[PDB]
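So this first bit is one chain, no partners, the form deposited in one PDB entry, shown in structure tokens.
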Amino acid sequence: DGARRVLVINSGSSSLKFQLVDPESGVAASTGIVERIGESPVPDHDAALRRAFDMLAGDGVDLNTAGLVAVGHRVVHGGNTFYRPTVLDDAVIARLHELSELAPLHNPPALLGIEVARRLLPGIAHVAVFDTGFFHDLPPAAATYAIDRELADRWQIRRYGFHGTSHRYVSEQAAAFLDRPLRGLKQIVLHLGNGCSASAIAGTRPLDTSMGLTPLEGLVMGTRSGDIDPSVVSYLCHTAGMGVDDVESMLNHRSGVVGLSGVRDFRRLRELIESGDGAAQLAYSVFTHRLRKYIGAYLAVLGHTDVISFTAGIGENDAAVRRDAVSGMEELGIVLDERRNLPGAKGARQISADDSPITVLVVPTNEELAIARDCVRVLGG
């Protein structure tokens, strides 16, 4: 057809995800992942993108015949410098390198992705979309940690927040599903995927969110601790023969659900629980307790809440998680309906009972589509 398309890239430490997608229709011509980078047949990100071109081809796509208008790059951390979708050039990239102590785990891979893509696809505009952007204007009372002001301002320490593309997109789609204007709505979004984060949103403006300086803070996640006394770092440095980097690494990769149960995948977790694994049930109960607290905390932040929406891989599919996250909260205005909450369902949908004072939905997220539409917009429309 005469349809235009964006190639959306999510470049991680050892993986590269891509989707070629039509921003007007939302259809994805092709999608895939290149894994096990630099361990194996794909030693670097240059090979990974070349390998992705093969995958696109053997899947029937020809990039010249496809209406390619831009390349979107997911960058986790924009600091206080980049919050809007940003057209990439050499100067911008130099400024991005200044963010790498704020995001030493998550940002450097995205920048490798950008270098490779701009070289192998120099014919088209490249755009960065930042996971922190939606949250740049959090209220000061929520964005500011209670630490020494001088040091916080000097090293740009604040609650940045992440999954900003998902939280924003889901908040818009919840408004659309309810057929009510976004500007008049107060809502909570629960993005429960590999990373897990919650947000409280009034109209178009977020009021709070669970991730922090980095994507470690907040909810229990697949491999991340979420909330824990920062004293654990000093404690382990003093007792367990660990340096600060060993502790940070453990909190990011050996914690969360995998730290408590030995698995990171929630389907695997449910199998373990059903076979009587005590550690798996504990891990699930720790996850669920943390999640319930954040829902409560955000009902209090908002004061009035119209809708709570579950999203991402767990939120979209795990009926038990959703049941256990809001059970016993009838007196707080939340009532779930068992039929509406059934597993295997697709599409934006109501899972609350009809008379629930607060509406509860599942609203599938589509970060790639939202990033494709951001790219299209910033390039003149």
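C-alpha atoms forming the largest set that superposes within 1.5 Å between two forms make up the rigid core. Each residue number is its position in the shown sequence, starting from 1.
Can you say how many deposited residues have no coordinates in the span between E39 and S40, choosing none, 1 to 3, 4 to 9, or 10 or more?
-> 1 to 3 residues lack coordinates between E39 and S40.
Give the stretch, out of 160 to 168 and 118 to 126, with the larger mean C-alpha temperature factor in the deposited entry.
-> It is 118 to 126.
Greater mean Cα temperature factor according to the PDB record, 143 to 151 or 109 to 117 = The entry gives the higher C-alpha B-factor average to 109 to 117.
Out of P43, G328, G347, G315, which residue has the highest Cα temperature factor in the PDB record?
-> By C-alpha B-factor in the record, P43 ranks first.
Of the options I273, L282, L182, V71, which has the highest CA B factor as deposited?
-> The C-alpha B-factor peaks, among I273, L282, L182, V71, at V71.
Would you please rank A370 by its C-alpha temperature factor against the other modelled residues of its chain and give the third it falls in: lowest, middle or highest?
-> Middle third.
Going by the entry, which third of its chain does the Cα temperature factor of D89 land in?
-> For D89, whose C-alpha B-factor we compare with every modelled residue in the chain, the answer is the highest third.
B-factor third for the C-alpha atom of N341 within its chain | According to the entry, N341 has a C-alpha B-factor in the chain's lowest third.
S352 - which third its CA temperature factor falls in, relative to the rest of the chain = Lowest third - that is where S352 ends up once the chain's C-alpha B-factors are sorted.
Taking the chain's C-alpha temperature factors as the reference, tell me which third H191 falls into: lowest, middle or highest.
-> Its C-alpha B-factor belongs to the lowest third of this chain's values.
From this point on, the text means the form deposited in another entry, which you will not see here.
Select from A175, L138, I273, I295 the only position whose Cα moves 2 Å or more between the shown form and the other one when the core is aligned.
-> The displaced C-alpha is that of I273.
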